[PDB]
């Protein structure tokens, strides 16, 4: 309706609309003195989201402007509300001085708070990573980049197909996801939280390289091993531009980037991560997962590292051997190291706020406290004989000098904010504790002026006091007020009292507030100056936090191994899995009855097992424990068995309609002889035998061509004939015994096909009427007479 041309707007709205256009789709907090305000649809939304009153800002020429707002000092509680809902918010501040500005004071968006770029402790989860990610798709593949803005961890990868792209998204589970406007495979990302559509130009390869190299201080990206990963570079370039625009400061903690090559780790598809319940159970909870058993780390950063390891098993033999050695060597040390490591806390995220220059007084306080743990940690670790632990000990560093700085600079228990001062300890700066000496030391004066004037006037109600609004005063009761000296200058009247000012008290008032201002400005400048002193050491600090997190992980793994009775696995050259008395690491902890340990023997000659046995026999658990044991071995952990020898695993596949078949094909197209394939219940055709026929042909392809290590749980008794027909296939089964009426589930794996199929017995157990089980048994004997 109203024509909103430039000249139709007040200078305020011209300024505002100009800043708002700079972020058309996200809420804009617009600083107006003591309030952050919103206008138009921002006001309406904010009013709905934050439960604040929708009001109006009058207009002489035009429509009234919808309006909402909150006091500047309350902004964090509200940012919490918004980012907790996936909402970005641009934060706009007053840069200019109102007193020296004819028009509206200069304003700027200084920061944009988005779900994947938060670094404030209030807004994060301690034991969970919170990543920003960018995704890109061209004609022949995907590019993908993640950034942990709190740690600087910057990763790049190029999933070759849709299936690995999906798996990658599920693993990294970004809180915010930037995607190019021309992204075609939307089914992969639509309905993820934190979606952000971006213009194609943010993905341009040349700017990506220019910007990254600028960020890293490099001439090219060769040394980062990403110089030839253009798909990935396009996503990384977009991600980095987003990070810079949201923070609008230097990001010195983002100092390198690393490519995630497929050969470096065990690739797990979407269904495997979920079926193994690694960090999430099948109902979306965190209870009864692999992490819930293994993660007894003591620092938040360690908890997160462990979870990353578990989702990303490494295939580097030397790394694994080194972690294994570390776990052995530290086992008798865990009790003493853990209480100390605990006191280090989340050094990694504190350092993020250091690099971002947003660190608050308690952040530095906690940084100090961590530094104070280092010598003790150094002392405990000197004794331990193993190279890797000494490597970590060196990397942990010591920062006695920085520790001393923080001990001299900041009081024992600082306030939350530096905004009001009382953060910089006395003795640190001669000028400061001398402004305080004024602003504060002369508060004795008020007390004595009171008794002096009270005795001099003889008015016993006389009190000296202070009021933010009216300033310092001498107060007399209304009853006595007619008796006051005539050079008492009335300052403030109340119902039952009069308040006055005299020249002496007025001078003190200017003295106090001038020097109070001095102290606080100078204190803020000293606090900022601590950033200048700490920052030069950022790189060694991050190394330290990294060392400390890895120590937390390895120490915890040593304690788990001991307490849960785990063994060190050994690595063989050829594909294979030899397990003696293996257990399911989660199920054995959950069950309140004994877990039946089981063997496994897989080799290039015995590479596929057809697993039979009843429903509830333990086929699924057996297949899962196999993959968990492999996974654990490949993060350097000890494993829940009496002994394990394991060859290399390139990838773990899981398959347990169009969807079954499409997943099956994916195995058939991508599995290799180094793959572990776990399969169940495949073969749901439309008739009696079409499904089973596909299962048979798919198995044959896995046994004869692909040659993957394959555990194939099935109830199709026809498939127990496979070993007869093709090389590399053998039968095993989960033992069960029938005692008259019932069926006993032994949970023990035995060579050979099951003696029989127990569909009828399991049906009976479920309660199917006995007359019907009886007629079914009669039908079964007919079918079995074909043999």
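Numbering follows the first chain given and starts at 1.
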query: Residue 656 to residue 657: deposited residues without atomic coordinates; finding: 10 or more
query: Entry-level comparison of average CA B-factors, 680-688 and 538-546, reporting the higher stretch; finding: 680-688
query: Mean Cα B-factor comparison, 468-476 or 147-155, giving the higher one as deposited; finding: 468-476
query: Member of 447, 106, 650, 206 with the greatest C-alpha B factor (per the PDB record); finding: 447
query: Per the PDB entry, maximal CA B factor within 744, 28, 762, 726; finding: 744
query: Residue 255 - Cα temperature factor, lowest/middle/highest third of chain; finding: middle
query: Record-listed C-alpha B factor of residue 732: chain third; finding: middle
query: Third assignment of residue 721 from its chain's C-alpha B-factors; finding: lowest
query: Position of residue 216 among the chain's modelled residues by C-alpha B-factor, lowest, middle or highest third; finding: lowest
query: B-factor third for the C-alpha atom of residue 52 within its chain; finding: middle
